[PDB]
Amino acid sequence: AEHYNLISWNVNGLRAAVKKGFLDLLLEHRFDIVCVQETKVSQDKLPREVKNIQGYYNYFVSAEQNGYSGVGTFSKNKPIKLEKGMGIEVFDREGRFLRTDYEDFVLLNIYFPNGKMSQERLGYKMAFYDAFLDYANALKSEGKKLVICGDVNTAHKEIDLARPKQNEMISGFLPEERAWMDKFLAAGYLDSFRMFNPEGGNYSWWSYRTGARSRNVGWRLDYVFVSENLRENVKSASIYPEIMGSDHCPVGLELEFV
Ligand SMILES: [Mg+2]
């Protein structure tokens, strides 16, 4: 396994997205790894069409709350280790985190919390960010190569959304959230899209408000990060705005080893 083409997508409900192209994306076999966030799958009851996909292994975690959160990873290769959650109950019970190790790297697939509903959920989001950073840093200390994909639910810089000056009081673009992303990258991680493309207008989420996606009034909420030790392995990093069916579009990257 010299090459990995990875795609990551918040589907805003997996059952619904299966009728709107997700199955096409998976069954095309274009991607070595397909990560989905926000499956909204209750009690491990996956859509039948997803259950016995062929040529892919698949792994899912569900939240305790039904119809909420949930993430899954499909891969052509069988992981050498599977861990559902970071090992902290108050975060693991929301089904936001799925680890799959491969021979060449550790993959963390994450649906980071949205902080808009309340102060308490903004607090939870920031606490989740802290736990995640400590978790990733411990693996990095051990010499793992880390790939982290998913929906961070924050636009890092002003260039990462179309209307920054309308959104500074909104979770998603709060100074403290952006500051946490600064702290994360400074610990030795790379925003893969920005390894190759410095330009604005590159978003991965748009409101369902009429015409917002057509007018590209968007936010870049979805990322793939790599630990610095993977810099020379990253050959491309993409956003896929042509893929419909959710309020987010996919993002991805390509790795090459050996
Ligand atoms: Mg959603």
# chains A, B, ... in the order shown; residues from 1 in each chain; ligands from 1

$ residues_around --residues "segment 107-109 of chain A" --least-positions-apart "4" --cutoff "12 Å" --atoms "only C-alpha atoms" --output "PyMOL selection string"
chain A and resi 4+6-10+33-38+59-61+70-75+79-86+95-103+132-133+135-136+139+144-152+222-227

$ residues_near_ligand --ligand "ligand 1" --cutoff "12 Å" --atoms "only C-alpha atoms and all ligand atoms" --output "number ranges by chain"
A: 9-14, 16-17, 36-40, 67-71, 111-114, 151-153, 205-208, 221-222, 245-249

$ select_by_dssp --residues "segment 57-217 of chain A" --states "alpha helix (DSSP H)" --output "NGL selection string"
:A and (89-92 or 119-141 or 175-186 or 192-196)

$ closest_residue --among "A:110, A:255, A:50, A:131" --to "residue 184 of chain A" --atoms "only C-alpha atoms"
A:131

$ residues_around --residues "residue 48 of chain A" --least-positions-apart "2" --cutoff "12 Å" --atoms "only C-alpha atoms" --output "PyMOL selection string"
chain A and resi 14-15+18+23+41+44-46+50-53

$ write_last_selection --atoms "N, CA, C and O atoms" --output "tab-separated table (two decimals), in the first residue's frame"
chain	number	residue	atom	x	y	z
A	14	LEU	N	-26.56	9.88	7.42
A	14	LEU	CA	-26.10	8.90	6.45
A	14	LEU	C	-27.22	8.26	5.69
A	14	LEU	O	-27.11	8.09	4.47
A	15	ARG	N	-28.32	7.92	6.32
A	15	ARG	CA	-29.45	7.33	5.62
A	15	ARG	C	-29.92	8.25	4.50
A	15	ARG	O	-30.10	7.80	3.34
A	18	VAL	N	-27.35	8.38	1.57
A	18	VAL	CA	-27.30	7.15	0.76
A	18	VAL	C	-28.21	7.26	-0.45
A	18	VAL	O	-28.02	6.58	-1.48
A	23	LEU	N	-23.69	6.45	-1.76
A	23	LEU	CA	-23.39	5.11	-2.20
A	23	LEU	C	-22.63	5.17	-3.52
A	23	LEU	O	-21.73	4.37	-3.76
A	41	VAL	N	-26.80	7.78	12.92
A	41	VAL	CA	-27.20	6.38	13.05
A	41	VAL	C	-27.32	6.03	14.52
A	41	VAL	O	-26.34	6.23	15.28
A	44	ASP	N	-26.13	1.50	16.28
A	44	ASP	CA	-25.41	0.67	15.32
A	44	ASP	C	-26.30	0.12	14.18
A	44	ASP	O	-25.94	-0.84	13.50
A	45	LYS	N	-27.46	0.74	13.97
A	45	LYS	CA	-28.37	0.30	12.91
A	45	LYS	C	-28.06	1.04	11.62
A	45	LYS	O	-28.65	2.08	11.31
A	46	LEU	N	-27.10	0.49	10.89
A	46	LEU	CA	-26.61	1.10	9.67
A	46	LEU	C	-27.58	0.80	8.57
A	46	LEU	O	-28.24	-0.22	8.61
A	50	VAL	N	-25.06	0.05	3.22
A	50	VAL	CA	-23.75	0.33	3.76
A	50	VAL	C	-23.19	-0.92	4.41
A	50	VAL	O	-22.00	-1.18	4.30
A	51	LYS	N	-24.08	-1.69	5.04
A	51	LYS	CA	-23.67	-2.85	5.83
A	51	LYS	C	-22.72	-3.75	5.07
A	51	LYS	O	-21.55	-3.90	5.44
A	52	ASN	N	-23.21	-4.33	3.98
A	52	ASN	CA	-22.37	-5.23	3.21
A	52	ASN	C	-22.00	-4.65	1.86
A	52	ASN	O	-22.36	-5.18	0.80
A	53	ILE	N	-21.27	-3.54	1.93
A	53	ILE	CA	-20.47	-3.05	0.83
A	53	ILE	C	-19.44	-4.13	0.58
A	53	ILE	O	-19.10	-4.86	1.51

$ select_by_dssp --residues "segment 71-241 of chain A" --states "strand (DSSP E or B)" --output "JSON, numbers by chain"
{"A": [71, 72, 73, 74, 75, 81, 82, 83, 84, 97, 98, 99, 100, 101, 106, 107, 108, 109, 110, 111, 146, 147, 148, 149, 150, 151, 161, 189, 190, 191, 205, 206, 218, 219, 222, 223, 224, 225, 226, 227, 234, 235, 236, 237, 238, 239]}

$ atom_distance --atom1 "atom CA of residue 214 of chain A" --atom2 "atom CA of residue 166 of chain A"
19.2 Å

$ closest_residue --among "A:183, A:78, A:93, A:213" --to "residue 66 of chain A" --atoms "only C-alpha atoms"
A:93

$ closest_residue --among "A:162, A:252, A:236, A:30" --to "residue 196 of chain A" --atoms "only C-alpha atoms"
A:236

$ atom_distance --atom1 "atom CA of residue 92 of chain A" --atom2 "atom CA of residue 115 of chain A"
17.2 Å

$ atom_distance --atom1 "atom CA of residue 233 of chain A" --atom2 "atom CA of residue 104 of chain A"
10.3 Å
